Amino acid sequence: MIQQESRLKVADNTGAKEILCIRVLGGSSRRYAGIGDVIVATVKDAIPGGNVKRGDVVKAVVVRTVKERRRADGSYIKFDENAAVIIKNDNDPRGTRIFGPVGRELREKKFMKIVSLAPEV
Amino acid sequence: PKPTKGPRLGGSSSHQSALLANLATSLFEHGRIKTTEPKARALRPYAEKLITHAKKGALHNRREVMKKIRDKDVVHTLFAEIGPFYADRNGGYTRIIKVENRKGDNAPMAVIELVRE
Amino acid sequence: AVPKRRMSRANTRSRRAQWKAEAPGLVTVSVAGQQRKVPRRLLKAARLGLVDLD
Amino acid sequence: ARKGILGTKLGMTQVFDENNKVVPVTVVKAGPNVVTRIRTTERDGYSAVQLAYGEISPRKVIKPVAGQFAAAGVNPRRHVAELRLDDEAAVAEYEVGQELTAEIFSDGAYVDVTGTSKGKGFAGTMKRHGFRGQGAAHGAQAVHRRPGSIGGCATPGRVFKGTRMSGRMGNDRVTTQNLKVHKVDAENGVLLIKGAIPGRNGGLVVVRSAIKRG
Amino acid sequence: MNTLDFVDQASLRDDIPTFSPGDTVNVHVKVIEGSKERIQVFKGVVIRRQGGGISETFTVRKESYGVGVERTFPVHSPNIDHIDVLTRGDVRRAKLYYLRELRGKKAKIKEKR
RNA sequence: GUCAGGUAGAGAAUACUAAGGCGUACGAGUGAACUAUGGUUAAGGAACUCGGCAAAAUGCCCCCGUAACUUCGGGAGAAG
RNA sequence: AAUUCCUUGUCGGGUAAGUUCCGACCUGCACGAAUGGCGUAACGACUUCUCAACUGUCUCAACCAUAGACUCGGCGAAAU
RNA sequence: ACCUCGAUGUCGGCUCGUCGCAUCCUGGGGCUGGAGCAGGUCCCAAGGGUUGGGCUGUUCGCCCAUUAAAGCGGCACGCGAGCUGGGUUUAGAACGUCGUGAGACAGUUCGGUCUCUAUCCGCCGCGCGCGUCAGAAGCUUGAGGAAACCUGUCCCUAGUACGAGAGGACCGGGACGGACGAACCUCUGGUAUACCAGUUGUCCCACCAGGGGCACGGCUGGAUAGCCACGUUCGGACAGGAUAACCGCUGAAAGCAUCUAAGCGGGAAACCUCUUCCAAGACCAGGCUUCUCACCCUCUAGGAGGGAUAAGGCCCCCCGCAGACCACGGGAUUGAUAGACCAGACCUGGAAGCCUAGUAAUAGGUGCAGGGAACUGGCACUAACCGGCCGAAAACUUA
Ligand SMILES: [Mg+2]
Ligand SMILES: [Mg+2]
Ligand SMILES: [Mg+2]
Ligand SMILES: [Mg+2]
Ligand SMILES: [Mg+2]
Ligand SMILES: [Mg+2]
Ligand SMILES: [Mg+2]
Ligand SMILES: [Mg+2]
Ligand SMILES: [Mg+2]
Ligand SMILES: [Mg+2]
Ligand SMILES: [Mg+2]
Ligand SMILES: [Mg+2]
Ligand SMILES: [Mg+2]
Ligand SMILES: [Mg+2]
Ligand SMILES: [Mg+2]
Ligand SMILES: [Mg+2]
Ligand SMILES: [Mg+2]
Ligand SMILES: [Mg+2]
Ligand SMILES: [Mg+2]
Ligand SMILES: [Mg+2]
Ligand SMILES: [Mg+2]
Ligand SMILES: [Mg+2]
Ligand SMILES: [Mg+2]
Ligand SMILES: [Mg+2]
Ligand SMILES: [Mg+2]
Ligand SMILES: [Mg+2]
């Protein structure tokens with residue numbers, strides 16, 4: 001359950017450490033953003049000498065949330081750290097590797113690259 | 001027993017417990033108490049549970065009754081006299097009656113007793 | 001707020017007449033050989049001898 | 001045409017579909033109903049059928065209703081409702097004394113449940129109409145949950161009858177629409193309505209065929 | 001008596017081994033991946049078990065890639081096909097929520113010897 | 001203005017308590033909204049607000065170790 | 001700029017976004033040297049901005065116990 | 001300066017809404033220098049929606065992300081007996097200017113008490129009395145009112161029509177979403193002041209053990225029930241009638257022509273039904289049914305008055321997830337309504353005693369042990385009582 005002015009750990013090799021969500025896309029006034037939702041965030045902290053730098057405006061798919069997410073089979077999934085992966089213009093994960101695990105909800109559509117790059121689920 | 005489900009009897013919390021304990025002590029000591037209607041209503045389940053514990057009292061129940069009643073003499077006389085006297089009664093050892101209201105505040109007053117039979 | 005005008009006697013008495021009492025329902029009971037009137041709420045107490053009867 | 005029956009909300013539970021998907025269902029007791037009266041256009045002016053459900057002792061049954069049930073030719077019951085049909089063509093499908101069970105419905109059908117929502121007592125505006133509360137700090141003086149303004153300064157004068165304010169909510173007739181009936185237990189006379197229906201456990205409800213999806 | 005038991009027994013699942021919060025268990029979940037139903041193994045420790053009859057559920061925690069993941073499963077869910085309890089657990093609480101802040105040795109659970 | 005116990009506490013603070021004094025003068029009930037005093041909260045953590053206002057957080061004893069500056073005393077219980 | 005109407009003067013530092021904040025340019029309506037000019041380590045329940053934690057200020061509200069509000073018994077005002 | 005200086009509290013922001021269309025989007029249509037997508041203009045249309053942030057008191061305005069949009073105005077430039085005062089507009093002090101001066105500056109900065117127990121009308125809910133022409137009960141037609149009306153992305157049609165190419169459809173279907181509202185605890189979470197377990201300080205039960213009061217329930221980890229959203233389901237219709245703009249058919253006046261002068265048509269999120277709820281105090285006070293449909297006394301027989309009754313209602317009593325009181329609902333000896341007891345589900349976690357190992361804390365067997373409240377099935381063990389009040393027809397005219 002991510003919203004505006006929320007910090008998320010970046011899971012990729014792009015050089016970004018933590019990003020700050022600006023707005024949740026996919027609706028007029030969307031309150032929260034669960035697993036598989038795209039958002040516009042800014043790099044608040046980056047690795048010294050990385051590709052992206054602090055202050056940039058990018059897009060990222062909300063993955064590996066902390067709040068419980070209910071699946072279609074009555075099960076629930078939750079993690080311990082709110083993470084996110086920076087995506088490309090239309091749909092592609094910026095970088096060539098993922099570190100942490102991703103929820104199965106990513107498999108909705110167009111996230112096959114992230115599903116294959118994530119070494120879990 | 002069941003919570004009061006609303007404002008407690010005596011002021012704030014931590015006092016209704018002591019009030020019920022003293023009422024049950026007086027009941028087991030005398031055999032007939034005259035209190036306010038809601039007080040007796042809330043004491044009925046308390047006194048019945050204490051009487052059931054006394055009935056079942058062999059060991060680990062004396063302490064369960066003492067953790068609520070402080071009077072050692074009252075606990076002893078309860079466990080001795082009442083004891084198996086209600087062994088044939090499957091609950092309902094206390095009888096409640098309604099009496100006229102007292103002067104000043106028109107508080108509905110009741111009287112709790114122990115079924116002798 | 002404060003009352004703006006003096007309420008008329010009509011409305012005053014109409015609103016005051018509602019502040020009345022309700023008579024209790026008595027019941028005849030034979031105690032001590034004599035018949036007396038006691039409410040049903042205290043009927044059992046009077047039968048057992050817990051209701052004072054002046 | 002429009003099937004219907006009276007029942008009692010037993011409770012809620014979960015079930016599993018053929019694809020392992022979870023489904024929260026409501027177990028309702030659509031017990032046997034008895035047709036006690038049929039409304040016609042020639043006698044009363046509208047096409048309806050009177051059903052009765054629930055067990056009641058003859059000593060507890062009142063005398064007027066006792067005589068009514070005697071004239072109808074069936075035993076008394078607790079609750080009596082009326083389902084308004086569409087025409088005499090549909091009314092002719094019922095007869096006085098007919099017994100209806102939960103078999104009138106089928107799995108996967110769409111029903112509408114009608115009941116009496118639970119009572120919330122005298123609830124404030126924030127709970128009645130979701131009124132937005134005021135700031136709990138920054139100086140707010142005893143207005144943390146008050147409604148606020150009510151209308152125009154001096155032009156309207158009155159308060160525009162119909163303004164949302166505080167009062168007693170709930171305990172009113174509610175009707176859900178397009179609830180999927182998951183299963184119809186025949187031996188038990190029970191319906192597993194997909195979703196939640198109004199009213200508490202053990203309360204009377206009336207299930208009917210859906211209008212928008214019947 | 002669970003009034004709705006006459007409806008819950010039809011869905012109640014057997015062959016459910018007896019476990020308690022704190023024991024290491026690996027659950028097998030049937031997951032459909034693009035018109036292909038496979039079995040995914042999730043090995044963790046039962047941190048809590050909420051009993052409600054048919055709605056009884058259990059939560060399993062797993063530390064993977066330095067990140068903790070908690071997964072709740074209904075005991076009587078048909079999507080599961082195997083629940084193997086590898087080692088028991090010697091704990092005192094009924095819901096091991098305190099494990100959300102321990103890592104490695106500090107997160108290790110005792111074993112009923 | 002004078003007497004200043006006991007238990008832990010650096011302490012006449014803090015919690016209970018010994019001797020001592022009191023339940024102090026309108027009361028019994030009822031989970032209404034709402035007002036005031038406190039407690040708790042899934043995710044974000046000032047994004048509310050003119051304004052971190054109010055709330056929230058550390059808080060003590062023994063140690064390792066403390067920057068820019070300086071009037072050389074200090075910053076400093078810096079910080080961690 | 002506590003001093004400037006033009007002014008949100010222009011450039012740069014920070015925020016994704018900054019009429020606020022800091023330095024510079026100097027066009028000084030209408031700064032200026034004991035009604036002191038320029039800074040100052042420490043200091044201030046003075047004012048302003050930012051950062052790390054923190055939390056119901058908010059997103060977004062929800063529950064629990066008390067003193068009122070509600071019923072009963074008695075006494076019993078008010079401003080207009 | 002026409003009411004208001006023997007008081008009309010002035011700019012914002014929060015909450016709360018109502019109304020106009022000179023319409024930001026959705027909807028329909030005409031012309032286009034409209035090839036298509038995408039535009040320019042006009043007409044009708046107010047049912048619905050019209051975002052969150054940084055600057056600045058700000059209104060306004062600029063910028064950052066989107067979305068269809070982030071509309072213009074009236075309601076004392078709406079709303080302070082609903083809320084704060086960031087500023088204006090007291091008393092203090094400072095900066096630059098005027099003034100010898102006290103003092104002033106729609107020039108600037110710091111801080112600077114927001115009172116009132118609702119009388120009447122108005123609004124949101126709940127009762128009492130009476131009426132609907134005998135006394136009561138069950139089910140309902142319904143005039144007349146209230147609630148909802150939002151829409152995005154993707155796939156097929158179709159990379160088709162269009163178009164040199166680029167680019168790229170109208171119409172009709174299918175899938176998934178954003179916001180709102182209704183219900184509910186089945187799942188997840190929030191709270192659980194008579195639930196469980198550990199423990200610091202302290203006093204007490206003569207003492208160990210085991211226990212009790214206070215220090216926010218003393219603090220934490222859980223917590224059955226009720227309520228709630230963060231959670232689970234349902235809805236924005238389908239269709240019918242009349243229309244605005246618009247498109248039309250037969251047609252003269254005026255031998256032609258013309259959508260009109262007589263008719264027939266289509267025509268939108270606008271209007272009325274349709275969807276949800278209230279409603280016969282709708283005084284035209286409704287309709288289909290069922291229970292009782294008969295007992296006395298007085299006034300001087302014209303009506304009236306008083307008493308006692310049938311059905312029924314009410315009071316008293318046990319209660320509710322119904323509730324401020326009320327009122328509603330269930331029961332009341334021909335009963336499981338509530339409390340107690342047993343059992344089950346569930347919460348907590350392994351109780352007291354004994355024995356064993358250890359000098360000791362402590363661990364192991366008796367033991368899914370002990371403790372518990374809301375949920376459920378039995379059980380009259382206790383209270384619904386050998387009990388009181390209201391409560392049924394004047395007649396006449398026509399057919
Ligand atoms: Mg206490
Ligand atoms: Mg307050
Ligand atoms: Mg006003
Ligand atoms: Mg369990
Ligand atoms: Mg209260
Ligand atoms: Mg929180
Ligand atoms: Mg948290
Ligand atoms: Mg801000
Ligand atoms: Mg503060
Ligand atoms: Mg604090
Ligand atoms: Mg800021
Ligand atoms: Mg400067
Ligand atoms: Mg000067
Ligand atoms: Mg000076
Ligand atoms: Mg000073
Ligand atoms: Mg009074
Ligand atoms: Mg005047
Ligand atoms: Mg005035
Ligand atoms: Mg128009
Ligand atoms: Mg309409
Ligand atoms: Mg703002
Ligand atoms: Mg407006
Ligand atoms: Mg104004
Ligand atoms: Mg001055
Ligand atoms: Mg001068
Ligand atoms: Mg008021």
# chains A, B, ... in the order shown; residues from 1 in each chain; ligands from 1
>>> residues_around(residues="segment 75-90 of chain E", least_positions_apart="6", cutoff="7 Å", atoms="only C-alpha atoms (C1' of nucleotides)", output="list in words")
residues 20 of chain D; 12, 13, 22, 23, 24, 25, 26, 27, 28, 29, 30, 54, 56, 57, 58, 109, 110, 111 and 112 of chain E
>>> residues_near_ligand(ligand="ligand 18", cutoff="12 Å", atoms="only C-alpha atoms (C1' of nucleotides) and all ligand atoms", output="count of residues only")
6
>>> residues_around(residues="residue 75 of chain B", least_positions_apart="4", cutoff="8 Å", atoms="only C-alpha atoms (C1' of nucleotides)", output="MDAnalysis selection string")
chainID B and resid 65:66 69:71 79
>>> residues_near_ligand(ligand="ligand 3", cutoff="12 Å", atoms="only C-alpha atoms (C1' of nucleotides) and all ligand atoms", output="ChimeraX atom specification")
/D:148-154,157 /H:8-9,76,78-82
>>> write_last_selection(atoms="C-alpha atoms (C1' of nucleotides)", output="PDB file, in the first residue's frame")
ATOM      1  CA  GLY D 148     -19.979  22.459  10.444  1.00  0.00           C
ATOM      2  CA  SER D 149     -21.849  24.929   8.248  1.00  0.00           C
ATOM      3  CA  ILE D 150     -25.469  24.340   7.251  1.00  0.00           C
ATOM      4  CA  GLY D 151     -26.403  26.787   4.488  1.00  0.00           C
ATOM      5  CA  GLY D 152     -26.480  30.329   3.214  1.00  0.00           C
ATOM      6  CA  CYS D 153     -25.944  33.371   5.376  1.00  0.00           C
ATOM      7  CA  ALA D 154     -29.345  35.086   5.278  1.00  0.00           C
ATOM      8  CA  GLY D 157     -33.542  31.507   5.718  1.00  0.00           C
TER       9      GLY D 157
ATOM     10  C1'   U H   8     -24.687  43.901  10.212  1.00  0.00           C
ATOM     11  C1'   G H   9     -17.686  40.733  13.454  1.00  0.00           C
ATOM     12  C1'   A H  76     -24.054  39.053   3.508  1.00  0.00           C
ATOM     13  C1'   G H  78     -22.248  31.375   1.072  1.00  0.00           C
ATOM     14  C1'   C H  79     -20.874  29.271   5.631  1.00  0.00           C
ATOM     15  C1'   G H  80     -16.581  32.279  12.822  1.00  0.00           C
ATOM     16  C1'   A H  81     -24.542  31.417  18.297  1.00  0.00           C
ATOM     17  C1'   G H  82     -19.908  25.172  12.922  1.00  0.00           C
TER      18        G H  82
END
>>> atom_distance(atom1="atom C1' of residue 64 of chain F", atom2="atom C1' of residue 10 of chain F")
24.9 Å
>>> residues_near_ligand(ligand="ligand 14", cutoff="12 Å", atoms="only C-alpha atoms (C1' of nucleotides) and all ligand atoms", output="list in words")
residues 33, 34, 35, 36, 37 and 38 of chain G; 94 of chain H
>>> write_last_selection(atoms="N, CA, C and O atoms (P, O5', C5', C4', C3', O3' and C1' of nucleotides)", output="PDB file, in the first residue's frame")
ATOM      1  P     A G  33      25.914  57.384  10.134  1.00  0.00           P
ATOM      2  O5'   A G  33      27.409  57.829   9.812  1.00  0.00           O
ATOM      3  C5'   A G  33      28.384  57.907  10.842  1.00  0.00           C
ATOM      4  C4'   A G  33      28.771  56.539  11.344  1.00  0.00           C
ATOM      5  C3'   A G  33      29.870  56.504  12.395  1.00  0.00           C
ATOM      6  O3'   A G  33      29.391  56.773  13.701  1.00  0.00           O
ATOM      7  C1'   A G  33      30.307  54.875  10.734  1.00  0.00           C
ATOM      8  P     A G  34      29.539  58.237  14.345  1.00  0.00           P
ATOM      9  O5'   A G  34      29.729  57.942  15.898  1.00  0.00           O
ATOM     10  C5'   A G  34      29.085  58.738  16.889  1.00  0.00           C
ATOM     11  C4'   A G  34      28.125  57.914  17.711  1.00  0.00           C
ATOM     12  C3'   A G  34      27.800  58.479  19.089  1.00  0.00           C
ATOM     13  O3'   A G  34      26.463  58.131  19.448  1.00  0.00           O
ATOM     14  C1'   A G  34      28.882  56.383  19.327  1.00  0.00           C
ATOM     15  P     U G  35      25.263  59.175  19.204  1.00  0.00           P
ATOM     16  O5'   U G  35      24.420  58.531  18.014  1.00  0.00           O
ATOM     17  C5'   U G  35      23.922  57.204  18.099  1.00  0.00           C
ATOM     18  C4'   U G  35      22.459  57.187  18.468  1.00  0.00           C
ATOM     19  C3'   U G  35      21.662  55.983  17.988  1.00  0.00           C
ATOM     20  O3'   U G  35      21.826  54.842  18.812  1.00  0.00           O
ATOM     21  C1'   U G  35      20.461  57.967  17.520  1.00  0.00           C
ATOM     22  P     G G  36      22.221  53.427  18.160  1.00  0.00           P
ATOM     23  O5'   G G  36      23.746  53.609  17.739  1.00  0.00           O
ATOM     24  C5'   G G  36      24.418  52.610  16.984  1.00  0.00           C
ATOM     25  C4'   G G  36      25.334  53.219  15.952  1.00  0.00           C
ATOM     26  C3'   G G  36      25.865  52.268  14.892  1.00  0.00           C
ATOM     27  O3'   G G  36      24.938  52.033  13.847  1.00  0.00           O
ATOM     28  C1'   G G  36      27.643  53.575  15.741  1.00  0.00           C
ATOM     29  P     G G  37      25.007  50.669  13.003  1.00  0.00           P
ATOM     30  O5'   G G  37      26.365  50.796  12.179  1.00  0.00           O
ATOM     31  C5'   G G  37      26.421  51.532  10.966  1.00  0.00           C
ATOM     32  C4'   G G  37      27.487  50.994  10.044  1.00  0.00           C
ATOM     33  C3'   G G  37      27.741  49.495  10.132  1.00  0.00           C
ATOM     34  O3'   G G  37      26.805  48.734   9.390  1.00  0.00           O
ATOM     35  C1'   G G  37      29.804  50.644  10.198  1.00  0.00           C
ATOM     36  P     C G  38      26.329  47.295   9.919  1.00  0.00           P
ATOM     37  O5'   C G  38      27.540  46.333   9.543  1.00  0.00           O
ATOM     38  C5'   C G  38      28.069  46.316   8.225  1.00  0.00           C
ATOM     39  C4'   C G  38      29.429  45.669   8.180  1.00  0.00           C
ATOM     40  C3'   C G  38      29.529  44.290   8.812  1.00  0.00           C
ATOM     41  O3'   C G  38      29.061  43.259   7.959  1.00  0.00           O
ATOM     42  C1'   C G  38      31.330  45.629   9.554  1.00  0.00           C
TER      43        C G  38
ATOM     44  P     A H  94      12.361  51.134  19.619  1.00  0.00           P
ATOM     45  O5'   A H  94      12.825  50.388  18.290  1.00  0.00           O
ATOM     46  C5'   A H  94      13.894  49.454  18.323  1.00  0.00           C
ATOM     47  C4'   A H  94      14.031  48.714  17.014  1.00  0.00           C
ATOM     48  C3'   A H  94      14.210  49.571  15.772  1.00  0.00           C
ATOM     49  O3'   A H  94      15.532  50.055  15.612  1.00  0.00           O
ATOM     50  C1'   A H  94      12.622  47.870  15.344  1.00  0.00           C
TER      51        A H  94
END
>>> select_by_dssp(residues="chain C", states="strand (DSSP E or B)", output="tab-separated table (two decimals) with C-alpha atoms, in the first residue's frame")
chain	number	residue	atom	x	y	z
C	26	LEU	CA	-50.85	-2.17	42.56
C	27	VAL	CA	-51.71	-5.78	43.38
C	28	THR	CA	-53.72	-7.28	46.24
C	29	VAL	CA	-51.69	-9.52	48.56
C	30	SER	CA	-52.73	-11.39	51.72
C	31	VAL	CA	-50.00	-10.91	54.33
C	34	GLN	CA	-54.96	-8.62	56.08
C	35	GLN	CA	-55.17	-7.66	52.41
C	36	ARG	CA	-52.81	-4.92	51.25
C	37	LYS	CA	-51.79	-3.21	48.01
C	38	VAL	CA	-48.23	-3.85	46.82
C	39	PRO	CA	-46.70	-3.40	43.33
>>> residues_around(residues="residue 30 of chain B", least_positions_apart="5", cutoff="10 Å", atoms="only C-alpha atoms (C1' of nucleotides)", output="compact mmCIF listing (two decimals) with N, CA and C atoms, in the first residue's frame")
# COMPACT_ATOMS: atom_id res chain seq x y z
N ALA B 24 -19.46 -10.55 47.27
CA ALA B 24 -19.46 -12.01 47.38
C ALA B 24 -18.97 -12.46 48.75
N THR B 25 -17.99 -11.75 49.31
CA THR B 25 -17.53 -12.07 50.66
C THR B 25 -18.65 -11.91 51.67
N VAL B 74 -13.82 -16.34 55.61
CA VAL B 74 -14.95 -16.45 54.70
C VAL B 74 -14.72 -17.58 53.70
N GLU B 113 -29.89 -13.86 48.00
CA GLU B 113 -29.86 -14.89 49.02
C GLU B 113 -29.37 -16.19 48.39
N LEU B 114 -29.07 -17.17 49.24
CA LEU B 114 -28.61 -18.48 48.80
C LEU B 114 -29.73 -19.49 49.00
>>> interface_residues(of="chain F", to="chain A", cutoff="8 Å", atoms="only C-alpha atoms (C1' of nucleotides)", output="list in words")
residues 42, 43, 44, 45 and 47 of chain F
>>> residues_near_ligand(ligand="ligand 19", cutoff="7 Å", atoms="only C-alpha atoms (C1' of nucleotides) and all ligand atoms", output="PyMOL selection string")
chain H and resi 21+44-45
>>> write_last_selection(atoms="N, CA, C and O atoms (P, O5', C5', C4', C3', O3' and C1' of nucleotides)", output="PDB file, in the first residue's frame")
ATOM      1  P     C H  21     -29.761  26.124 -16.340  1.00  0.00           P
ATOM      2  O5'   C H  21     -28.670  26.658 -17.370  1.00  0.00           O
ATOM      3  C5'   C H  21     -28.826  27.926 -18.001  1.00  0.00           C
ATOM      4  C4'   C H  21     -27.498  28.508 -18.417  1.00  0.00           C
ATOM      5  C3'   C H  21     -26.874  27.872 -19.656  1.00  0.00           C
ATOM      6  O3'   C H  21     -26.184  28.863 -20.418  1.00  0.00           O
ATOM      7  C1'   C H  21     -25.420  27.596 -17.805  1.00  0.00           C
ATOM      8  P     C H  44     -28.500  27.034 -27.757  1.00  0.00           P
ATOM      9  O5'   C H  44     -28.982  25.557 -27.407  1.00  0.00           O
ATOM     10  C5'   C H  44     -30.217  25.065 -27.905  1.00  0.00           C
ATOM     11  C4'   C H  44     -30.393  23.596 -27.617  1.00  0.00           C
ATOM     12  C3'   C H  44     -30.170  23.158 -26.179  1.00  0.00           C
ATOM     13  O3'   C H  44     -31.279  23.428 -25.341  1.00  0.00           O
ATOM     14  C1'   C H  44     -29.114  21.635 -27.661  1.00  0.00           C
ATOM     15  P     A H  45     -31.064  23.679 -23.769  1.00  0.00           P
ATOM     16  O5'   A H  45     -30.360  22.344 -23.257  1.00  0.00           O
ATOM     17  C5'   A H  45     -31.063  21.110 -23.230  1.00  0.00           C
ATOM     18  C4'   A H  45     -30.156  19.966 -22.854  1.00  0.00           C
ATOM     19  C3'   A H  45     -29.379  20.138 -21.556  1.00  0.00           C
ATOM     20  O3'   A H  45     -30.147  19.811 -20.411  1.00  0.00           O
ATOM     21  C1'   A H  45     -27.906  19.432 -23.260  1.00  0.00           C
TER      22        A H  45
END
>>> residues_around(residues="residue 18 of chain G", least_positions_apart="4", cutoff="12 Å", atoms="only C-alpha atoms (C1' of nucleotides)", output="list in words")
residues 8, 14 and 49 of chain G; 54, 55, 56, 62, 63 and 64 of chain H
>>> interface_residues(of="chain D", to="chain F", cutoff="12 Å", atoms="only C-alpha atoms (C1' of nucleotides)", output="number ranges by chain")
D: 120-128, 134-147, 165-169
>>> write_last_selection(atoms="C-alpha atoms", output="JSON list (two decimals), in the first residue's frame")
[["chain", "number", "residue", "atom", "x", "y", "z"],
["D", 120, "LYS", "CA", -26.39, 1.29, 14.73],
["D", 121, "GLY", "CA", -28.40, 3.49, 17.10],
["D", 122, "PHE", "CA", -28.07, 7.26, 17.13],
["D", 123, "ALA", "CA", -24.95, 7.67, 15.00],
["D", 124, "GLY", "CA", -23.27, 10.96, 14.18],
["D", 125, "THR", "CA", -22.87, 12.48, 10.74],
["D", 126, "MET", "CA", -19.35, 11.10, 10.23],
["D", 127, "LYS", "CA", -20.75, 7.57, 10.61],
["D", 128, "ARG", "CA", -24.10, 8.18, 8.89],
["D", 134, "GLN", "CA", -12.05, 18.36, 11.10],
["D", 135, "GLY", "CA", -8.43, 18.72, 12.14],
["D", 136, "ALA", "CA", -7.65, 17.18, 15.52],
["D", 137, "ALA", "CA", -4.98, 19.81, 16.24],
["D", 138, "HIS", "CA", -3.78, 23.28, 15.15],
["D", 139, "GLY", "CA", -6.38, 24.91, 17.42],
["D", 140, "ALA", "CA", -9.55, 22.93, 16.65],
["D", 141, "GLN", "CA", -11.94, 23.85, 19.47],
["D", 142, "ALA", "CA", -14.54, 21.12, 20.11],
["D", 143, "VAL", "CA", -15.18, 20.63, 16.38],
["D", 144, "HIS", "CA", -13.20, 17.42, 15.89],
["D", 145, "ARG", "CA", -16.38, 15.59, 14.78],
["D", 146, "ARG", "CA", -19.05, 18.28, 14.30],
["D", 147, "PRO", "CA", -20.67, 18.74, 10.86],
["D", 165, "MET", "CA", -27.51, 15.42, 9.57],
["D", 166, "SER", "CA", -27.20, 13.11, 12.57],
["D", 167, "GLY", "CA", -29.82, 10.66, 13.77],
["D", 168, "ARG", "CA", -30.71, 7.01, 14.13],
["D", 169, "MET", "CA", -29.40, 4.96, 11.20]]
>>> residues_around(residues="residue 61 of chain G", least_positions_apart="2", cutoff="9 Å", atoms="only C-alpha atoms (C1' of nucleotides)", output="ChimeraX atom specification")
/D:133 /G:56 /H:229
>>> residues_around(residues="residue 97 of chain H", least_positions_apart="4", cutoff="12 Å", atoms="only C-alpha atoms (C1' of nucleotides)", output="PyMOL selection string")
(chain G and resi 3+29-30) or (chain H and resi 104-105+107)
>>> atom_distance(atom1="atom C1' of residue 79 of chain G", atom2="atom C1' of residue 118 of chain H")
13.3 Å
>>> atom_distance(atom1="atom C1' of residue 227 of chain H", atom2="atom 1 (Mg, counted along the ligand's line) of ligand 10")
28.9 Å
>>> residues_near_ligand(ligand="ligand 16", cutoff="12 Å", atoms="only C-alpha atoms (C1' of nucleotides) and all ligand atoms", output="PyMOL selection string")
(chain B and resi 105-106) or (chain C and resi 19) or (chain F and resi 26-27) or (chain G and resi 70-76)
>>> write_last_selection(atoms="C-alpha atoms (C1' of nucleotides)", output="PDB file, in the first residue's frame")
ATOM      1  CA  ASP B 105     -32.063   8.674  45.370  1.00  0.00           C
ATOM      2  CA  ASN B 106     -34.691   6.280  43.983  1.00  0.00           C
TER       3      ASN B 106
ATOM      4  CA  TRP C  19     -44.151  16.951  33.154  1.00  0.00           C
TER       5      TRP C  19
ATOM      6  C1'   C F  26     -26.279  15.424  46.181  1.00  0.00           C
ATOM      7  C1'   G F  27     -26.701   9.664  44.296  1.00  0.00           C
TER       8        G F  27
ATOM      9  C1'   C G  70     -29.360  10.542  28.375  1.00  0.00           C
ATOM     10  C1'   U G  71     -33.576   8.194  32.449  1.00  0.00           C
ATOM     11  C1'   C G  72     -34.911   8.278  37.561  1.00  0.00           C
ATOM     12  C1'   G G  73     -35.191  10.671  43.305  1.00  0.00           C
ATOM     13  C1'   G G  74     -34.536  15.673  45.911  1.00  0.00           C
ATOM     14  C1'   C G  75     -32.869  21.093  45.797  1.00  0.00           C
ATOM     15  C1'   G G  76     -32.776  24.529  42.151  1.00  0.00           C
TER      16        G G  76
END
